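A.B. asks: Right, I'll just put the structure down here and ask away after.
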Amino acid sequence: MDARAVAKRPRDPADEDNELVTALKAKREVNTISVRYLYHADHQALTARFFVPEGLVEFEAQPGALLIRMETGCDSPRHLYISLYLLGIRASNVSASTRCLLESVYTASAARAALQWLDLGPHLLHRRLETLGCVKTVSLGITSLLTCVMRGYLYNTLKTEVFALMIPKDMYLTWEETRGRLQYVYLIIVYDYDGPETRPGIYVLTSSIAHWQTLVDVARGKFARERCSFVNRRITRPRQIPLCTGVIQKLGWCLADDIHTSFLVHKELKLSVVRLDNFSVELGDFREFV
Amino acid sequence: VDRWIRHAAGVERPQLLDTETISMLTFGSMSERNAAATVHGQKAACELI
Amino acid sequence: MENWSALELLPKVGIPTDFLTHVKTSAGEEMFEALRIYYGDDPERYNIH
Amino acid sequence: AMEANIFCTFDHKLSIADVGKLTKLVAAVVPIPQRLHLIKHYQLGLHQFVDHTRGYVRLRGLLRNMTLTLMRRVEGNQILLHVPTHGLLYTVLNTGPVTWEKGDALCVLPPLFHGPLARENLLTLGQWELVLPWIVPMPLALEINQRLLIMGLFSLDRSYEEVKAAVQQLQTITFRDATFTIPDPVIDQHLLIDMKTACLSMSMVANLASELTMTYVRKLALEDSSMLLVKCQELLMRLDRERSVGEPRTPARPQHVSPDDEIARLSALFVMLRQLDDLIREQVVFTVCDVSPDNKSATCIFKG
Amino acid sequence: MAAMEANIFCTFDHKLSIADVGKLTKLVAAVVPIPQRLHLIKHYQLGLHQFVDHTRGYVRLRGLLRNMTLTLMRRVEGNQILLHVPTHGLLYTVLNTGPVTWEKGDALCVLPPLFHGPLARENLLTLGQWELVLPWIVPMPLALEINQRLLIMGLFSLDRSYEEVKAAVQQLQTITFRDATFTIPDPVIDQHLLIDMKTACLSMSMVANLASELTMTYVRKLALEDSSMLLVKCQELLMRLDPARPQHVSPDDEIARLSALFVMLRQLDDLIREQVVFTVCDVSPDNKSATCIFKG
Amino acid sequence: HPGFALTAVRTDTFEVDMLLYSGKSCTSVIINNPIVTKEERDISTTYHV
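Line by line, the protein sequences give chains B, S, Y, H, Z and C.
Residue numbers for the first sequence follow the entry's author numbering, so the first one is 1 and each next one is one higher.
Residue numbers for the second sequence follow the entry's author numbering, so the first one is 1127 and each next one is one higher.
Residue numbers for the third sequence follow the entry's author numbering, so the first one is 1 and each next one is one higher.
Residue numbers for the fourth sequence follow the entry's author numbering, so the first one is 3 and each next one is one higher.
Under the entry's author numbering, residues 1 to 242, 253 to 306 are what the fifth sequence spells out, in order.
Residue numbers for the sixth sequence follow the entry's author numbering, so the first one is 1029 and each next one is one higher.
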């Protein structure tokens, strides 16, 4: 109400004493806990812990990955978290040399359950997946406790280092010849309908495009080969009703200039991967198109 | 005939995407491949019958 | 348009003005010549080119 | 005083026992028809939108325009209410029939009372009552919307038992840790008008597109830049069994339609789509990060 | 590189007349699209005017506007222009340009400019062989009617004689909406439509096969029994002619067909849709200001 | 020999180290005191003087 009250600048939390400190200031009683500076008080990024089976910790131990949840008809586990690298054995896009490489790393029996579950169902793969975020600060153990990001930049605690996002080279492609100053990262799944079985076909795709209309127009370019298949399957198989030639969804955005190629190193085997740098997370739901 | 002329000229045959062709007129593109070695500099010529 | 802004900045001794049928109806009937109203607080009076 | 809050009042005096039934909904979603400040409790809640002859579609379409607002803290004769900012986490409440799982997408839907009694209501107060929307996970919500439309497609032909046997099964959803009987839109034999208003919108394109599109396929087919149009014309046959020299090799086409009337067939083709569009998509109002134990409260980041 | 700056300064090379700067003060908090998003853009990049072409196609302005980054004007001190870029999901004031009543609570979408009755575009800014053409902010229902007609305009021309093409364009170019009349400047059939016109006709075809026979017969059965003001109009839109029980009740297969149909209406219906941006809360009585939230 | 008389034109690019000249006090630049705008973005606080 006072004219000085509207004169005041917006309040500065950092100038103010910490809430734990303030109650101690009223009693003037020191405690063993160091309340002088609470950690994670400044992070815009939001996170949530994910318990994980020990057999899927590999590759994720390097900071920067993709945890997509996988629903299952089993009553336990009801949701087996899946690394994108674990999904590479399933994707048709991966080279047979690259596929044989990481597949040897997934010798764990807990990882073996994942491939068994993708195949048994009739439902399409994109319906069973759900994007969550990215790895940082792996706990490592019989039950790993990853601190997956929900919306914000990956980085080490106390801002000491900004974690890069890792993406396999086979799944990455560039539609534009000249990068823009900004480009959103759209995770994409495109089926290639055929006959005995519908293979997937993962393609993470950075693009300067933001609007949904122009984004799915360029997607109709190289993916038109599946578009001829999805229609040809319709005249071929009455009663059968294939749906969704592909799916697009936002994953985040990057500064484009910081991007450069790299390679992960785990279990002796190397694997070249595209390396997004300052990848702010911005989750986007799956969007169907034909 | 349209394909036979390109062998006589050596020009590569475009197969541009329709979405690319719209931006192709709205702006431009470096449709000509860069040479493996610039012995001197940028090429420059024109034509007036 | 007659320029405004300056009327909102230059001080005036002021008058106890009174007139019938409320301030709004007199402006909505266009009985006055030049007029202007705003329901927010646009900083046009703060801007000074 | 940093936090913004929407105040509310009560015309009826509350019972002291009634005040504690709002404290069980500290985190529940409380949708508001329009952003304001002071709000009478008659404006509060979805109950003001209740209708008689109007069907479920009216309750849902108005809900999309409503400003969702999380409950904050009851304080005597007041109701604190904060409208979430986009991209920030908030602890909502799982009032919905189905238990949440971590990372699931969420989208608000109107409550659906069913046959046998279970949970009912607690906040009755002078005719008006504080109804709350369900917060179903999105993948289930797509299944719910598909049922109510198809169950109304059979509303025209209730007379045969085999149709009733099928609607009885579509009524019973079966999903994780839950089973429910979504109420039949059919009631008093004839369908409610809001479903009949929507059911025609599907039947329009199901029929109006079965003739109007034939003229425009043959002209675009000359390009064959994508080649699919050569097969796309045969996609319009609408048949399963292979043709057997009955010679309907090419689709039937409209004959000498008036140029002004031809525009009207297309101009009305899309106005039907504008009515049907509300059910086609569901915005993700919330995204849970980790469910709290007892499946009551759950932290969620706001979206939209 | 620094992430693209929240605050943008625009500076004009040409000297400005006092008549120009006065128009800018009333133009504050208008939506001004930009392409570069540089910290200090030139006025040539400012506005939509530089993308004008001899065809003056209204279609190409629609897709080029979607690549623009919307910004809100703020603080027009002196020559400087403070084009703040709004954050997603926060409240912001908005100032109208196109004359539309704007009912409260409707979704808004940026749209290429039309013209009202004067056709003068008067009180527009001209600035030495250059103009400031700001795209209109319009209510969502107007964005549908302005675009669903445009898709029809390319279709009807395909089979009609050129004398009959102009007769339809003469009628479809005008669009009444909330009392006020409107008309589309220079509609243009173009390859910009053909890339979109083909997928629409393809989407029209796939829906014709997805439907179950009961879904299409639902109205022809309804006409046999019920009568209503809507049903009589629907018969005018359909061919006249060309209980036995449904031929096949397979609810697990019926519902699965509906899911593919939603993929089409999330696509084919979206061709006339433009992405929503501002969400109106309380319109000002002058209809020159309204608080808004959410972006495209 | 064709019946054409070809006449190609060719633009070039000669690099030059031009020398400007001007008189004393040919123009008077005027300056305001520079301002320091502030920005926030979690990882960094970019400034734009």
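Ideal Cβ placement from N, Cα and C applies to all residues, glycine included.
I need the straight-line Cα distance from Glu145/H to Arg127/B, nearest angstrom please.
C.D. replies: On the fourth sequence, position 143 is the one that residue 145/H refers to. On the first sequence, position 127 is the one that residue 127/B refers to. Rounded to whole angstroms, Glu145/H to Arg127/B spans 12 angstroms at the Cα level.
A.B. asks: Return yes when the Cβ of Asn209/Z is within less than 8 angstroms of the Cβ of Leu193/H, no when it is not.
C.D. replies: Here residue 193/H corresponds to residue number 191 of the fourth sequence, with the count starting at 1. Here residue 209/Z corresponds to residue number 209 of the fifth sequence, with the count starting at 1. No.
A.B. asks: Strictly under 8 angstroms for the Cβ-Cβ distance: is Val273/Z near chain B by that measure?
C.D. replies: Position 263 of the fifth sequence, counting from 1, holds the residue named residue 273/Z. Taking Cβ atoms only, chain B reaches closer than 8 angstroms to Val273/Z, which makes this a yes.
A.B. asks: Just mark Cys302/Z as buried or exposed, buried being the case when its beta carbon has 16 or more other beta carbons within 10 Å.
C.D. replies: As a first step, residue 302/Z must be located in the fifth sequence, where it is residue number 292. So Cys302/Z ends up on the buried side.
A.B. asks: Taking Cβ positions only, does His88/Z come closer than 8 angstroms to chain C?
C.D. replies: Here residue 88/Z is taken as the residue at index 88 of the fifth sequence, counted from 1. No, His88/Z lies away from the interface with chain C (no Cβ there is under 8 angstroms from its Cβ).
A.B. asks: What span of residues does the alpha helix (DSSP H) with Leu275/H cover, start to end?
C.D. replies: By 1-based counting over the fourth sequence, the position of residue 275/H is 273. First-last of the alpha helix (DSSP H) with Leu275/H: 261 to 282.
A.B. asks: Under three-state DSSP, which class holds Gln183/B?
C.D. replies: As a first step, residue 183/B must be located in the first sequence, where it is residue number 183. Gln183/B: strand per DSSP, three-state reduction.
A.B. asks: Excluding the 5 residues preceding and the 5 following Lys298/Z in the sequence, name in chain order all residues of the same chain whose CB lies nearer than 8 angstroms to its CB.
C.D. replies: Locating residue 298/Z in the fifth sequence gives position 288, counting from the first residue. Taken in chain order, the residues that qualify are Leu95, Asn96.
A.B. asks: Cβ closer than 7 angstroms: which chain Z residues qualify as neighbours of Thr1074/C?
C.D. replies: By 1-based counting over the sixth sequence, the position of residue 1074/C is 46. Here the neighbours are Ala2.
A.B. asks: If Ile8/Z sits next to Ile41/Z, beta carbons under 8 angstroms apart, how far is it from one beta carbon to the other, in whole angstroms?
C.D. replies: Here residue 8/Z refers to the residue found at position 8 when the fifth sequence is read from its first residue. Here residue 41/Z refers to the residue found at position 41 when the fifth sequence is read from its first residue. 6 angstroms between Cβ atoms; contact.
A.B. asks: Residues of chain Z with a CB under 9 angstroms from the CB of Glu284/H: which are they?
C.D. replies: Reading the fourth sequence from its first residue, position 282 is the one you call residue 284/H. Those do not exist, as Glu284/H stays about 10 angstroms from chain Z at its closest Cβ, beyond 9 angstroms.
A.B. asks: Measuring only the C-alpha atoms, how far is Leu202/Z from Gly154/H?
C.D. replies: Indexing the fifth sequence from 1 puts residue 202/Z at position 202. Indexing the fourth sequence from 1 puts residue 154/H at position 152. Cα to Cα, the separation comes out at about 28 angstroms.
A.B. asks: Would you say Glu264/H reaches chain Z, if we count a Cβ-Cβ gap shorter than 8 angstroms as a contact?
C.D. replies: In the fourth sequence, the residue the question calls residue 264/H occupies position 262. Taking Cβ atoms only, chain Z reaches closer than 8 angstroms to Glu264/H, which makes this a yes.
A.B. asks: Within 10 angstroms of the Cβ of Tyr81/B, are there 16 or more other Cβ atoms? Answer buried if so, exposed if not.
C.D. replies: Against the first sequence, residue 81/B aligns to sequence position 81. Counting Cβ neighbours within 10 Å, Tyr81/B comes out buried, since at least 16 surround it.
A.B. asks: With a cut-off of 8 angstroms on the beta carbons, I'd call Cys148/B and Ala45/B a contact; round off their distance for me.
C.D. replies: Residue 148/B sits at position 148 when you count from the first residue of the first sequence. Residue 45/B sits at position 45 when you count from the first residue of the first sequence. In fact, because the Cβ distance is near 11 angstroms, the residues do not count as touching under 8 angstroms.
A.B. asks: Tell me where the alpha helix (DSSP H) around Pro139/Z begins and ends.
C.D. replies: For this step, residue 139/Z is matched to residue 139 along the fifth sequence. Per DSSP, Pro139/Z belongs to no alpha helix (DSSP H); it is in the beta strand (DSSP E), 136 to 139.
A.B. asks: Report yes or no: do three or more beta-carbon pairs, one from the region 138 to 152 of chain Z and one from the region 170 to 180 of chain Z, lie closer than 8 angstroms?
C.D. replies: In short, these stretches touch, since the Cβ pair count reaches three.
A.B. asks: At a CB-CB cut-off below 7 angstroms, which residues of chain Z make contact with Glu30/Y?
C.D. replies: Locating residue 30/Y in the third sequence gives position 30, where the first residue counts as 1. Near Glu30/Y there are no residues of chain Z at all, since even the closest Cβ is about 16 angstroms away, more than 7 angstroms.
A.B. asks: When burial is assigned at 16 or more other CB atoms within 10 Å of the CB, is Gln1168/S buried or exposed?
C.D. replies: Start at 1 with the first residue of the second sequence, and residue 1168/S comes out as number 42. With fewer than 16 Cβ atoms within 10 Å of its Cβ, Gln1168/S is classed as exposed.
A.B. asks: Quick check: the Cα distance between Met206/H and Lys198/H, rounded to an integer number of angstroms?
C.D. replies: Within the fourth sequence, residue 206/H is the residue found at index 204, counting from 1. Within the fourth sequence, residue 198/H is the residue found at index 196, counting from 1. Between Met206/H and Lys198/H, the C-alpha separation is close to 12 angstroms.
A.B. asks: Going along chain Z, which residues have a C-beta under 8 angstroms from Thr1055/C?
C.D. replies: As a working note, residue 1055/C is residue 27 in the sixth sequence. What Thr1055/C touches in chain Z: nothing, since even the nearest Cβ is about 15 angstroms away.
A.B. asks: Just to make sure I have the definition right: I need the residues of chain H whose C-beta is within less than 9 angstroms of the C-beta of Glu130/B. Which are they?
C.D. replies: By one-based count along the first sequence, residue 130/B stands at place 130. Residues of chain H passing the Cβ test: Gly105, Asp106, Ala107, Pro141.
A.B. asks: Would you check whether the ligand GDP has a heavy atom nearer than 7 angstroms to the C-beta of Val247/H?
C.D. replies: Inclusion of the ligand GDP in the displayed structure is not the case, the ligand content being empty and no account of it being possible.
A.B. asks: Could you give the distance in angstroms between the alpha-carbon of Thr72/B and the alpha-carbon of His79/B?
C.D. replies: For the purposes of this step, residue 72/B is taken as the residue at position 72 of the first sequence. For the purposes of this step, residue 79/B is taken as the residue at position 79 of the first sequence. Their backbone Cα atoms lie some 6 angstroms apart in a straight line.
A.B. asks: So, is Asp12/B buried or exposed, given that buried needs 16 or more other C-beta atoms within 10 angstroms?
C.D. replies: Along the first sequence, read from residue 1 onward, the residue named residue 12/B stands at position 12. With fewer than 16 other Cβ atoms within 10 Å, it is exposed.
A.B. asks: Counting Cβ pairs closer than 8 angstroms, one from the region 96 to 113 of chain B and one from the region 259 to 274 of chain B, do we hit at least three?
C.D. replies: Taking 8 angstroms as the limit for Cβ pairs, the verdict is that the region 259 to 274 of chain B does touch the region 96 to 113 of chain B.
A.B. asks: Quick check on the burial criterion: 16 or more other C-beta atoms within 10 angstroms. Buried or exposed for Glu213/H?
C.D. replies: In the fourth sequence, counting from the first residue as 1, residue 213/H sits at position 211. Classification of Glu213/H: buried, given that the 10 Å Cβ count is 16 or more.
A.B. asks: Pairs of beta-carbons, one from the region 233 to 251 of chain B and one from the region 33 to 42 of chain B, closer than 8 angstroms: are there three or more?
C.D. replies: The region 233 to 251 of chain B vs the region 33 to 42 of chain B: no contact.
A.B. asks: For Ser262/B, list the residues DSSP reports as bridge partners.
C.D. replies: As a working note, residue 262/B is residue 262 in the first sequence. Partner(s): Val273/B.
A.B. asks: From the beta carbon of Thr215/Z, is the nearest beta carbon of chain E less than 8 angstroms away?
C.D. replies: Although the question refers to chain E, the structure presented lacks it and instead comprises the protein chains B, S, Y, H, Z and C.
A.B. asks: Quick check: what's the CA-CA separation for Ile189/Z versus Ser157/Z?
C.D. replies: In the fifth sequence, the residue the question calls residue 189/Z occupies position 189. In the fifth sequence, the residue the question calls residue 157/Z occupies position 157. Looking at the two C-alpha atoms, the distance is approximately 9 angstroms.
A.B. asks: Does any CB atom of chain C fall closer than 8 angstroms to the CB of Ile1131/S?
C.D. replies: As a first step, residue 1131/S must be located in the second sequence, where it is residue number 5. So no, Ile1131/S is outside the interface.
A.B. asks: For chain Z, check one thing: does any of its Cβ atoms lie closer than 8 angstroms to the Cβ of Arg1038/C?
C.D. replies: Here residue 1038/C refers to the residue found at position 10 of the sixth sequence. It does not; no Cβ of chain Z falls within 8 angstroms.
A.B. asks: Is the CB of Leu132/Z under 8 angstroms away from at least one CB in chain S?
C.D. replies: Taking the fifth sequence and counting its residues from 1, one reaches residue 132/Z at position 132. Chain S, which has no Cβ nearer than 8 angstroms to the Cβ of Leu132/Z, makes this no.
A.B. asks: Hey, does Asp42/Y have any beta-carbon neighbour from chain Z nearer than 8 angstroms?
C.D. replies: Taking the first residue of the third sequence as position 1, residue 42/Y is located at position 42. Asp42/Y counts as touching chain Z.
A.B. asks: Here's the rule: buried if 16 or more other CB atoms are within 10 angstroms of the residue's CB, otherwise exposed. What is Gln277/Z?
C.D. replies: As a first step, residue 277/Z is located in the fifth sequence; it is residue number 267 there, counting from the start. By the 10 Å Cβ count, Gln277/Z comes out buried.
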